[PDB]
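A quick write-up on the structure given underneath.
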Amino acid sequence: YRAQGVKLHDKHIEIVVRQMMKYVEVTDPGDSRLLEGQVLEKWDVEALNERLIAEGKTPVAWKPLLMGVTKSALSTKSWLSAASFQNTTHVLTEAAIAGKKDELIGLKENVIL
Amino acid sequence: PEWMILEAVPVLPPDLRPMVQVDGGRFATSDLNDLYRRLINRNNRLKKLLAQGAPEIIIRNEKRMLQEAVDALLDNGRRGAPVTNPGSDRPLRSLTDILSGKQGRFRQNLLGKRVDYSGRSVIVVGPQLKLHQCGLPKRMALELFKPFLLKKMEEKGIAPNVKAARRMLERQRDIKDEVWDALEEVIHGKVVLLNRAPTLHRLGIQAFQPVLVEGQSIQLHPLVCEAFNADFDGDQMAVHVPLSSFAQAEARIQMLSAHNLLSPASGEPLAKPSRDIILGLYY
Amino acid sequence: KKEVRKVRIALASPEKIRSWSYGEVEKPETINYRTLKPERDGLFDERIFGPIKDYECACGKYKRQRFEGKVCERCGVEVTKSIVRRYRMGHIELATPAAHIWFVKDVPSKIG
Amino acid sequence: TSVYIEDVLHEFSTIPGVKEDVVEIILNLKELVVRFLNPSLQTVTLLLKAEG
Amino acid sequence: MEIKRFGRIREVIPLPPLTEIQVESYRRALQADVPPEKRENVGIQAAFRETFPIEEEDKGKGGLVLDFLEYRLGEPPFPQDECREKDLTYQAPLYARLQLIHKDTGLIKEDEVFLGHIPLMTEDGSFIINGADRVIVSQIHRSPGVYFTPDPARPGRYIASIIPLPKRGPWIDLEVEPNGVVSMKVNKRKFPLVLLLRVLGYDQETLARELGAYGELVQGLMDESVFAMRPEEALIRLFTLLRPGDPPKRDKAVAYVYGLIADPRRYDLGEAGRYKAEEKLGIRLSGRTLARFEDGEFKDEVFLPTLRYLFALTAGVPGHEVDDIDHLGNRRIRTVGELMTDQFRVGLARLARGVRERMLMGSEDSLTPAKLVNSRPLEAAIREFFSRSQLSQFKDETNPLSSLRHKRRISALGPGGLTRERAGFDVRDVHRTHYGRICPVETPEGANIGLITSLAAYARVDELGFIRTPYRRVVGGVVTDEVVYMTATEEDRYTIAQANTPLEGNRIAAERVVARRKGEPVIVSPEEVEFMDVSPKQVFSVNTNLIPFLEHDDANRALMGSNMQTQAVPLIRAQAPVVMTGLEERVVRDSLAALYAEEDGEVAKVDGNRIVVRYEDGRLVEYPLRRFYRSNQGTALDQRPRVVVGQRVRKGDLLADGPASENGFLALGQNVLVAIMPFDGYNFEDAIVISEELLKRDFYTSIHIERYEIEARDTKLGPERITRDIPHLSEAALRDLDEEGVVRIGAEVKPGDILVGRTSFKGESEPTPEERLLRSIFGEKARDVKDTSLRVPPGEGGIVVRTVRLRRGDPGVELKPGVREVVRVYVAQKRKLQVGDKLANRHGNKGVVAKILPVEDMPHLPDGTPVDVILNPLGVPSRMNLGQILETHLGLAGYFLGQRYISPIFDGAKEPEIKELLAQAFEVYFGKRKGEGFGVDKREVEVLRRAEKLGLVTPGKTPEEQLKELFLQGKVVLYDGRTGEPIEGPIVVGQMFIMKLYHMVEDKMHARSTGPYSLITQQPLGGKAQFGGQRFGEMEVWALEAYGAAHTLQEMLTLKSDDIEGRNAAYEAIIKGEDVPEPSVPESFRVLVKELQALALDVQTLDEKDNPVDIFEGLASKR
Amino acid sequence: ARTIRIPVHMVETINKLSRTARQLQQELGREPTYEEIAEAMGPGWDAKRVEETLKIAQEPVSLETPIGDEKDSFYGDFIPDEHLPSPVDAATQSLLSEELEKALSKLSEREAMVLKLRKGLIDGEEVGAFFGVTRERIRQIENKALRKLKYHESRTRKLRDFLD
Amino acid sequence: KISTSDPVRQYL
Ligand SMILES: CO[C@H]1/C=C/O[C@@]2(C)Oc3c(C)c(O)c4c(O)c(c(/C=N/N5CCN(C6CCCC6)CC5)c(O)c4c3C2=O)NC(=O)/C(C)=C\C=C\[C@H](C)[C@H](O)[C@@H](C)[C@@H](O)[C@@H](C)[C@H](OC(C)=O)[C@@H]1C
Ligand SMILES: [Mg+2]
Ligand SMILES: [Mg+2]
Ligand SMILES: [Mg+2]
Ligand SMILES: [Mg+2]
Ligand SMILES: [Mg+2]
Ligand SMILES: [Mg+2]
Ligand SMILES: [Mg+2]
Ligand SMILES: [Mg+2]
Ligand SMILES: [Mg+2]
Ligand SMILES: [Mg+2]
Ligand SMILES: [Mg+2]
Ligand SMILES: [Mg+2]
Ligand SMILES: [Mg+2]
Ligand SMILES: [Mg+2]
Ligand SMILES: [Mg+2]
Ligand SMILES: [Mg+2]
Ligand SMILES: [Mg+2]
Ligand SMILES: [Mg+2]
Ligand SMILES: [Mg+2]
Ligand SMILES: [Mg+2]
Ligand SMILES: [Mg+2]
Ligand SMILES: [Mg+2]
Ligand SMILES: [Mg+2]
Ligand SMILES: [Mg+2]
Ligand SMILES: [Mg+2]
Ligand SMILES: [Mg+2]
Ligand SMILES: [Mg+2]
Ligand SMILES: [Mg+2]
Ligand SMILES: [Mg+2]
Ligand SMILES: [Mg+2]
Ligand SMILES: [Mg+2]
Ligand SMILES: [Mg+2]
Ligand SMILES: [Mg+2]
Ligand SMILES: [Mg+2]
Ligand SMILES: [Mg+2]
Ligand SMILES: [Mg+2]
Ligand SMILES: [Mg+2]
Ligand SMILES: [Mg+2]
Ligand SMILES: [Mg+2]
Ligand SMILES: [Mg+2]
Ligand SMILES: [Mg+2]
Ligand SMILES: [Mg+2]
Ligand SMILES: [Mg+2]
Ligand SMILES: [Mg+2]
Ligand SMILES: [Mg+2]
Ligand SMILES: [Mg+2]
Ligand SMILES: [Mg+2]
Ligand SMILES: [Mg+2]
Ligand SMILES: [Mg+2]
Ligand SMILES: [Mg+2]
Ligand SMILES: [Mg+2]
Ligand SMILES: [Mg+2]
Ligand SMILES: [Mg+2]
Ligand SMILES: [Mg+2]
Ligand SMILES: [Mg+2]
Ligand SMILES: [Mg+2]
Ligand SMILES: [Mg+2]
Ligand SMILES: [Mg+2]
Ligand SMILES: [Mg+2]
Ligand SMILES: [Mg+2]
Ligand SMILES: [Mg+2]
Ligand SMILES: [Mg+2]
Ligand SMILES: [Mg+2]
Ligand SMILES: [Mg+2]
Ligand SMILES: [Mg+2]
Ligand SMILES: [Mg+2]
Ligand SMILES: [Mg+2]
Ligand SMILES: [Mg+2]
Ligand SMILES: [Mg+2]
Ligand SMILES: [Mg+2]
Ligand SMILES: [Mg+2]
Ligand SMILES: [Mg+2]
Ligand SMILES: [Mg+2]
Ligand SMILES: [Mg+2]
Ligand SMILES: [Mg+2]
Ligand SMILES: [Mg+2]
Ligand SMILES: [Mg+2]
Ligand SMILES: [Mg+2]
Ligand SMILES: [Mg+2]
Ligand SMILES: [Mg+2]
Ligand SMILES: [Mg+2]
Ligand SMILES: [Mg+2]
Ligand SMILES: [Mg+2]
Ligand SMILES: [Mg+2]
Ligand SMILES: [Mg+2]
Ligand SMILES: [Mg+2]
Ligand SMILES: [Mg+2]
Ligand SMILES: [Mg+2]
Ligand SMILES: [Mg+2]
Ligand SMILES: [Mg+2]
Ligand SMILES: [Mg+2]
Ligand SMILES: [Mg+2]
Ligand SMILES: [Mg+2]
Ligand SMILES: [Mg+2]
Ligand SMILES: [Mg+2]
Ligand SMILES: [Mg+2]
Ligand SMILES: [Mg+2]
Ligand SMILES: [Mg+2]
Ligand SMILES: [Mg+2]
Ligand SMILES: [Mg+2]
Ligand SMILES: [Mg+2]
Ligand SMILES: [Mg+2]
Ligand SMILES: [Mg+2]
Ligand SMILES: [Mg+2]
Ligand SMILES: [Mg+2]
Ligand SMILES: [Mg+2]
Ligand SMILES: [Mg+2]
Ligand SMILES: [Zn+2]
């Protein structure tokens, strides 16, 4: 952009990029088996209460993962959001089998409603 | 997991799979219905085939068709594609095709819907107009704020009641110049939104106070011609109306033009003396 | 009355297939021309999916709002306009089951 | 301010034997400059009929 | 007025008959004007011969021989105008002579069978399919031949391609992948490029040595010797290679197919294919395509040359064998004739298909007429092409020019088989060869760009669709007046130069003078200049050629100017530019605007409806004049007589002017004096300020006509009567409803007045219980009918000028089923200029009127004459069309000098010549000023002061002298008008031509409060009278999302469009001055949940604590 | 075979109709006006009959069909809706019911409710309309209350502007 | 795979 005249504050790109890293990988399990890619803060949730409130330090060892903005969204918490762009068909199938409770946060999912 | 197997097929509502009268007497029905019949007939013929007596080959043969059918309504094309008889080799829209589709449900659920209190006309520069307001064709305002006007007609002598106030305006030649005075009064402090062709950023929609004006064109302020990428060679802008006292509150508080002067991209102003102003101020 | 705070997709129990349903569509009878009315029990029947007129009933024993929540003695029609006719669900009872292609042919066969 | 051709009903008509069209003529009339001498004459109707 | 034209490049040849493409194509297409004796046998006659000899021999009994004699079509069912008054498709009747043979003694000849009513062409070049005049647009694609293109992913070597169109008909490719395989593919799978040569008779030894001695690749050819040692057996072996599990024995059957008849095209034996051959590769042809069936032993003079050139292309320079696809000598243009002839033969096949079945059905010999022919196919086929072909379009008559161009457009998209939607950028770019063959400015500024474009000035489709362009010959340093229409390909073999080259006649004048070999700019010597450009005009299209100083205008905006003309609306007052290019005359003439005199004579009568002229030959003919006709796009087309009574006419002189002609010259918009400065904000980005004065004179005014229509339908509830009876409320509205039912001609109709009345029945099947009581209370006996009456749709109407009613006993008209009767209402309206309108010069400056100023205070010149329009300067630097600023300067001269000029494309006027006329104008301007009695103002001097401090005038000279300088610069002093003070600094002004653009239906500013709703989707929908809601797209959603506009978005998703129960309570609330309610659930949501439910899934909304909640208010619980 | 059921007779009927149209296409060169078809068919065949039969013969259309430039046009968005009270109507029913309800009260709850309930509550019987009191008192109060009601409503013009 | 052939084969 700079090279093209546009002057946009870094902030914005940051917000985006961050979301390309909302997920990581697993190598030392506790609740769900190792090879799984899940939301970074959602693990900071597990590790936090698993070492602080409930004892037995079962360290949840992860590995920072980088995935493309397309994929970052392609797979997320809310299936509602996922039903939209990826495979309306798969997105649901899985969300169903698992009995997914879409907590509405985020504007795309809560708009459909 | 014992539910993935199907033995009870939910059927979609009826008015959602219409049967309608057209022209001459043509009819029109949701493709879903030809698929339902498929299943029903097969399911029935199955029953009667079991009851009549049952030669294995034929029972399976049917069971097979049956299966295929159960696919059809759910999702067509995953395994072969069902067709209405010779006329259109077209995949009868499967329920699936409804949800996803080239232009399906969640999909068009986000492409758009049509607002009830909307309008659109050609735009034209409004040099005297202040950022605050915008020129809106009274003729347009009328349809737009129709109900708001109706009642206001009743609060004044112009009409006895709504239905009256309605017929009073159903024809153009019947409007007393008192009605304009009513509308101009209804619009006192209300404001509307204006949109531009590609809505690219939040300023792609801005709120202003309407100042009713003659004719067809919509008077837009020059300073905001930069937020919306609008030039005057036929660019047309839509216009919407904030109905709730809340929608209006936000609309004029945090969505009106003269309040969002600096861009979200850069702390640089977007309300800058564009072309003609500089040229003047510079010389 | 309470704000909708969470949506959830879950699998359909056959008993729930029937819980949502009304009647069983048992015949391929759309609508018969002479009277553009629903043919027999078929896809459009009024018992299965609902009445096709405002506050009024099919035959007309009860016709206004005073008794808005009751059903007709000789024929079944509880009312508020035909929207009920577009929201209601009917079901077909399959002879020998079959399975959802949505679960059998997704790349990972959820049943395989 | 106004014109009445006897057989013509709308402005977009054409009169036989008349090269010009109603609209061209009503146009030519706008070109016409008259002068009355006193207030008593607010609206004067001028008449003309010619044949062949 | 006088005319002065500046540039001198001797225009050696007149421009060709602009519609020759459309006229001649349909001429050769259908050679019907001439006996079957005449030789041109392409098209119809060709397509006929192509499928006529139907040989049906054995499966039971056969020996069928149906043979074609002569094709004859002659007496039109009805005539042109009748075809437009009545819904009719002007088509000529055709029945050719046919005679079926027999294996038993007897040949029955059933002379005629009229199958297929084929449309005819108007003398202008347009058609008349159904009510509206239509046009067949030409197309482009890979001309059927054979080329060699670089291989896909492997950088290595390139592969061969044999292109045979029709679709059915193989598509070959030759590729060598040396580890052990060669690949030749027809439908898909591969095999060795030799088993075939063996079949034909080429043996390993003779082949390898003569063809590839110079080509070591010969080794891959003699490789699998085991099979190469058995000839005719190779024929069966390849049969075997194909795959079904077929009988080894089939003597010479499949070999035939890739042999003589079908699959390889049955085009012309000598050019439609053999051209692409002898020049590109190989030499001869022994029958159209690789063909023979005489001895069972086939001959292939094509199969070996293709490989011959592959071994050649791969090994050096026999020549440089690389084919640039986009070369026009590769890309062919389909003239109308071909487009119709193809659909005509497709039908012939459909016909011939059904007839074969009837060679078996008819009992004995009397089977000639009905037993073999059924007109159902040909009709449907051809008919489908003129009415549903994505090619045959509505005529573009917003004014003659617009239509004419729409008759000479070349499009990409179409048949679906040729270039479709996918591919683009390589095609879309202006290819090198596009010179004189396609404009580089003409294509549509929009998504579909570069794929649709009209040809150039002297561009002509020769024998087969190859736009040739005229280039004159120059032998040595000598230039000729002789011209060669050269194919795209041949153009590259020569060194060609531009017309701008100083010429003394036949003598080139400068040593180092420009030329361009092959798409490359090259400074060549007078001794190398083989050929020269024919004209500057031939480089572009007609539409473009109309621009004054194209030379000084950015090609980008020049496009705008060219498409703007296409949107020119006919004003009751036409005007030719003060400065013209030179083709205005030829445009009106070649288009069919004005009516010209056939031969010399005198004029008899000059009606307003007819000019009966008397030729000196002793004859006189009456020439009707389309008084006021309805153009497809609603622009007036009237022919206004310009000749007085008893006048000796020269052959080919304008008797009457076309819709938009002043004096036999193209005229649109109207030259208006214009100042070019900024005003308040009235002209800010692209806004235009206009002087009220322009409306005082009926200057920008134009007549429109919308043809409202209503039908009396037959409902099972009772016929919809059309009667003056309008059931519920007033006679006031019935006035203009003079005739019982219809509206009276000449009546001023405003929006909401009844155009026509009609009465249908109230309910679907049953009456109304509640409406039963009301009627009874004030008047039980109440006409139980419904007002369904054609009304004036919001927007506008004028005065009714014509009406048409077709009742029960139809004359010769086509009334659709259910359709009891129809009622047309032609309305006309004067469209005087107003603020909403958009006007734009030929250069591209486009823009809208933002304010109409009182002559009182707009910019006025020293002598009291004021400016009509004030254009903003700013719109000129960014965009790059100085040509407009050049026009305004010549214009100023033409104003005072009272004269119009003609500035050719690039040869036209020059900066010094204009300064010269400006000099002459200063004397008319200021000379009279000297004599009339006065000198210079305080103001005039003041602005001079600020002007010398600027640098526009030589300090020290006298004001009189200074003003001349300043005037020669094109600008003069102007006073405000509002203040009377001057506008510090000279400002230019002058006669700029400006047109007014047609107002589309969208223009009719929509605005909808409440209205209909789709049946399945519950979102707002319009149509006839309710405007239909605007779309709230995602991009717009986000816009609000960004803002804290929560409710405002909710509303947009609920109350405004889908909340069924929402919108209703919404209105009512508003009505009762109630602060609108809080949204119920959207039907989009519910529609979803159930759609979702329709599939196994269960979607249940939940509570605070995971518990139910209810969206479907009370309708889902059971019973 | 069809969505809209058609008994065996109509079927053969349609085959006969078709077959006949075939023999008629044989020579005219004119797709038979429904005159020929009647004739050629037999005993009681007329134009109304044939236009009717071929109208039933047309199978339906896909309510969802690719329309115009089939890019993404599904036929069913263009059909309006009839039972649904477009805003205009909901407003109607409000004032109408509120004012009709105001008049119904200030009146004798006798012959007004009789005709109000007989006409606006069940089905459309002067005699069978009133309880015990015969016809004379029905017409008596019906026409005297109905007119006092209309003529005072003429004064305070509320109803005049025909809600319909 | 494709349904006709299989049954044809099936009873044939
Ligand atoms: C064969 O009939 C149809 C086939 C469709 O199928 C499909 C898939 O195949 C197509 C072709 C094979 C084409 O060759 C084609 C065009 O050549 C074309 C446009 C479209 N041009 N529009 C685009 C919108 N703008 C507008 C300006 C303000 C913004 C919006 C105006 C120009 C277009 O989409 C085309 C198209 C298709 O879509 N046009 C131009 O070249 C042009 C730049 C200007 C011409 C304007 C005339 C006014 C116009 O000709 C008019 C007389 C009608 O003829 C048409 C509308 C016609 O409709 C009927 C009915 O007859 C269709 C072409
Ligand atoms: Mg720069
Ligand atoms: Mg992170
Ligand atoms: Mg712990
Ligand atoms: Mg532990
Ligand atoms: Mg994401
Ligand atoms: Mg995913
Ligand atoms: Mg999937
Ligand atoms: Mg319809
Ligand atoms: Mg079927
Ligand atoms: Mg049994
Ligand atoms: Mg079908
Ligand atoms: Mg699909
Ligand atoms: Mg002010
Ligand atoms: Mg203003
Ligand atoms: Mg007005
Ligand atoms: Mg209105
Ligand atoms: Mg009135
Ligand atoms: Mg007044
Ligand atoms: Mg504009
Ligand atoms: Mg335009
Ligand atoms: Mg727009
Ligand atoms: Mg910022
Ligand atoms: Mg709730
Ligand atoms: Mg169960
Ligand atoms: Mg059911
Ligand atoms: Mg009972
Ligand atoms: Mg009961
Ligand atoms: Mg009973
Ligand atoms: Mg996969
Ligand atoms: Mg008279
Ligand atoms: Mg006097
Ligand atoms: Mg006097
Ligand atoms: Mg006096
Ligand atoms: Mg006075
Ligand atoms: Mg007097
Ligand atoms: Mg007088
Ligand atoms: Mg007289
Ligand atoms: Mg010439
Ligand atoms: Mg010449
Ligand atoms: Mg003859
Ligand atoms: Mg003979
Ligand atoms: Mg002619
Ligand atoms: Mg017509
Ligand atoms: Mg590849
Ligand atoms: Mg092929
Ligand atoms: Mg040799
Ligand atoms: Mg090899
Ligand atoms: Mg040669
Ligand atoms: Mg050959
Ligand atoms: Mg040979
Ligand atoms: Mg065939
Ligand atoms: Mg015979
Ligand atoms: Mg692709
Ligand atoms: Mg270009
Ligand atoms: Mg585009
Ligand atoms: Mg695109
Ligand atoms: Mg040709
Ligand atoms: Mg050249
Ligand atoms: Mg040389
Ligand atoms: Mg021009
Ligand atoms: Mg000349
Ligand atoms: Mg004569
Ligand atoms: Mg003659
Ligand atoms: Mg005439
Ligand atoms: Mg004479
Ligand atoms: Mg003369
Ligand atoms: Mg005048
Ligand atoms: Mg004029
Ligand atoms: Mg009367
Ligand atoms: Mg009604
Ligand atoms: Mg009825
Ligand atoms: Mg009905
Ligand atoms: Mg009567
Ligand atoms: Mg009415
Ligand atoms: Mg309209
Ligand atoms: Mg009018
Ligand atoms: Mg008759
Ligand atoms: Mg007819
Ligand atoms: Mg008729
Ligand atoms: Mg007409
Ligand atoms: Mg207007
Ligand atoms: Mg003058
Ligand atoms: Mg002069
Ligand atoms: Mg001079
Ligand atoms: Mg001098
Ligand atoms: Mg348009
Ligand atoms: Mg409405
Ligand atoms: Mg509307
Ligand atoms: Mg909600
Ligand atoms: Mg659930
Ligand atoms: Mg019978
Ligand atoms: Mg039959
Ligand atoms: Mg007859
Ligand atoms: Mg049938
Ligand atoms: Mg689609
Ligand atoms: Mg009372
Ligand atoms: Mg009382
Ligand atoms: Mg009482
Ligand atoms: Mg009382
Ligand atoms: Mg009662
Ligand atoms: Mg009632
Ligand atoms: Mg009763
Ligand atoms: Mg009774
Ligand atoms: Mg009784
Ligand atoms: Mg009595
Ligand atoms: Mg009152
Ligand atoms: Mg398989
Ligand atoms: Zn009932």
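The way I read the labels, and the way they are meant: chains A, B, ... in the order of the structure tokens, residue 1 as the first residue of every chain, and ligand 1 as the first ligand shown, with later ones counted on from there.
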Q | Surrounding residues of residue 242 of chain B excluding itself and chain neighbours under 5 positions, 9 Å, only C-alpha atoms, as a PyMOL selection string | A | (chain B and resi 117+190-193+247-249+251) or (chain E and resi 1048+1051)
Serialized selection, N, CA and C atoms, as a short mmCIF file (atom, residue, chain, number, x, y, z; two decimals), in the first residue's frame:
data_model
loop_
_atom_site.label_atom_id
_atom_site.label_comp_id
_atom_site.auth_asym_id
_atom_site.auth_seq_id
_atom_site.Cartn_x
_atom_site.Cartn_y
_atom_site.Cartn_z
N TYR B 117 -38.83 0.95 3.47
CA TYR B 117 -38.88 2.41 3.38
C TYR B 117 -37.64 2.91 2.70
N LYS B 190 -36.20 14.71 11.65
CA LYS B 190 -35.83 13.37 11.30
C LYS B 190 -34.76 13.45 10.22
N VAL B 191 -34.01 12.37 10.03
CA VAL B 191 -32.95 12.31 9.04
C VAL B 191 -32.95 10.98 8.31
N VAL B 192 -32.34 10.95 7.14
CA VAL B 192 -32.30 9.72 6.39
C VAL B 192 -30.91 9.37 6.00
N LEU B 193 -30.78 8.15 5.51
CA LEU B 193 -29.51 7.64 5.07
C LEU B 193 -29.44 7.63 3.55
N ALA B 247 -33.46 3.82 16.12
CA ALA B 247 -32.76 3.83 14.83
C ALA B 247 -32.46 5.25 14.40
N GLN B 248 -33.37 6.16 14.74
CA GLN B 248 -33.18 7.55 14.39
C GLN B 248 -32.13 8.13 15.29
N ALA B 249 -32.22 7.82 16.58
CA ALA B 249 -31.25 8.30 17.57
C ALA B 249 -29.86 7.98 17.07
N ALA B 251 -28.82 6.89 14.10
CA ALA B 251 -28.69 7.47 12.78
C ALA B 251 -28.20 8.91 12.77
N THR E 1048 -31.04 -0.01 13.45
CA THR E 1048 -31.14 0.35 12.05
C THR E 1048 -30.81 -0.84 11.18
N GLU E 1051 -33.86 -3.47 11.79
CA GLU E 1051 -34.96 -2.98 10.98
C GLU E 1051 -34.80 -3.45 9.55
#
Q: Return as a PyMOL selection string the residues belonging to chain C that are within 7 Å of chain E, counting only C-alpha atoms.
A: chain C and resi 2+4-12+22+84+87-88
Write out as a short mmCIF file (atom, residue, chain, number, x, y, z; two decimals) with C-alpha atoms, in the first residue's frame which residues come within 8 Å of residue 149 of chain F when counting only C-alpha atoms, dropping same-chain ones fewer than 4 positions away.
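As written to disk, around14.cif reads:
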data_model
loop_
_atom_site.label_atom_id
_atom_site.label_comp_id
_atom_site.auth_asym_id
_atom_site.auth_seq_id
_atom_site.Cartn_x
_atom_site.Cartn_y
_atom_site.Cartn_z
CA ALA F 103 -71.14 2.41 16.80
CA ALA F 145 -81.16 2.10 13.86
CA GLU F 153 -72.11 9.04 10.78
#
Q | Spatial neighbours of residue 111 of chain A, max dist 10 Å, only C-alpha atoms, sep filter under 6 positions, as a PyMOL selection string | A | (chain A and resi 81+104) or (chain B and resi 109-110) or (chain E and resi 1037+1041+1049-1050+1053+1085)
Q: Write out as a list in words each polymer residue whose atoms come within 7 Å of residue 212 of chain B, counting only C-alpha atoms; drop sequence neighbours fewer than 6 positions from it.
A: residues 135, 136, 137 and 138 of chain B
Just the selected residues (N, CA and C atoms), exported as a compact mmCIF listing (two decimals), in the first residue's frame, please.
# COMPACT_ATOMS: atom_id res chain seq x y z
N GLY B 135 -30.55 17.52 -0.08
CA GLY B 135 -31.80 17.81 -0.77
C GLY B 135 -32.51 16.54 -1.26
N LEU B 136 -33.74 16.36 -0.79
CA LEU B 136 -34.54 15.20 -1.14
C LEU B 136 -35.81 15.63 -1.84
N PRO B 137 -36.11 15.03 -3.02
CA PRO B 137 -37.33 15.40 -3.76
C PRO B 137 -38.59 15.22 -2.92
N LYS B 138 -39.33 16.30 -2.70
CA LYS B 138 -40.54 16.17 -1.91
C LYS B 138 -41.38 15.04 -2.44
Q. Mind checking DSSP for segment 3-104 of chain B and telling me the helix (DSSP H, G or I) residues as a PyMOL selection string?
A. chain B and resi 32-52+56-74+95-99
Q: Compute the set of protein, DNA and RNA residues whose minimum atom distance to ligand 105 is at most 8 Å, using only C-alpha atoms and all ligand atoms, and state it as a PyMOL selection string.
A: chain F and resi 127-132
Q: Just the residues within 12 Å of residue 4 of chain G, please, counting only C-alpha atoms, with nothing from its chain fewer than 5 positions along; format it as a ChimeraX atom specification.
A: /B:61-62,64-65 /G:9-12
File of the preceding selection, C-alpha atoms, as a tab-separated table (two decimals), in the first residue's frame:
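Result file follows (out14.tsv):
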chain	number	residue	atom	x	y	z
B	61	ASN	CA	-35.33	-53.15	-6.93
B	62	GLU	CA	-37.91	-50.89	-5.36
B	64	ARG	CA	-33.23	-49.16	-4.30
B	65	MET	CA	-35.44	-46.61	-6.06
G	9	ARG	CA	-28.32	-57.88	-14.58
G	10	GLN	CA	-30.06	-58.78	-11.29
G	11	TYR	CA	-33.12	-60.50	-12.71
G	12	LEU	CA	-31.64	-61.35	-16.11
**Q.** Shell of 12 Å around ligand 28 (only C-alpha atoms and all ligand atoms), written as a list in words
**A.**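 Counting only what the definition allows, namely only C-alpha atoms and all ligand atoms, the set is residues 61, 62, 67, 69, 70, 71, 72, 73, 74, 75, 76, 77 and 78 of chain C; 1119 of chain E.
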Q: Go through the chains and note each residue within 7 Å of ligand 95, using only C-alpha atoms and all ligand atoms, then give the set as an MDAnalysis selection string.
A: chainID F and resid 2 11 14 57 59
Q.
ligand 75: which residues are within 8 Å, counting only C-alpha atoms and all ligand atoms? Reply as a PyMOL selection string.
A. (chain E and resi 726-728+786-788) or (chain F and resi 164)
How would the residues just picked look written out with N, CA, C and O atoms as a short mmCIF file (atom, residue, chain, number, x, y, z; two decimals), in the first residue's frame?
data_model
loop_
_atom_site.label_atom_id
_atom_site.label_comp_id
_atom_site.auth_asym_id
_atom_site.auth_seq_id
_atom_site.Cartn_x
_atom_site.Cartn_y
_atom_site.Cartn_z
N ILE E 726 -66.35 2.17 -13.87
CA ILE E 726 -65.32 2.06 -12.82
C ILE E 726 -66.09 2.06 -11.48
O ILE E 726 -66.25 3.07 -10.80
N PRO E 727 -66.59 0.88 -11.10
CA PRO E 727 -67.38 0.46 -9.95
C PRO E 727 -67.43 1.40 -8.76
O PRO E 727 -68.55 1.76 -8.38
N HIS E 728 -66.33 1.84 -8.15
CA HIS E 728 -66.57 2.48 -6.85
C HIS E 728 -66.69 4.01 -6.64
O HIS E 728 -67.49 4.34 -5.75
N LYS E 786 -64.54 -6.08 -9.73
CA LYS E 786 -63.32 -5.46 -9.21
C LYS E 786 -62.65 -4.52 -10.20
O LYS E 786 -62.56 -4.82 -11.39
N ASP E 787 -62.18 -3.37 -9.68
CA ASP E 787 -61.48 -2.40 -10.51
C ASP E 787 -60.08 -2.87 -10.76
O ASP E 787 -59.21 -2.83 -9.89
N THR E 788 -59.88 -3.33 -11.98
CA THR E 788 -58.58 -3.69 -12.47
C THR E 788 -58.49 -2.90 -13.74
O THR E 788 -58.90 -3.35 -14.80
N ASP F 164 -63.19 0.94 1.82
CA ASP F 164 -63.06 0.08 0.66
C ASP F 164 -63.67 0.78 -0.56
O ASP F 164 -64.89 0.62 -0.79
#
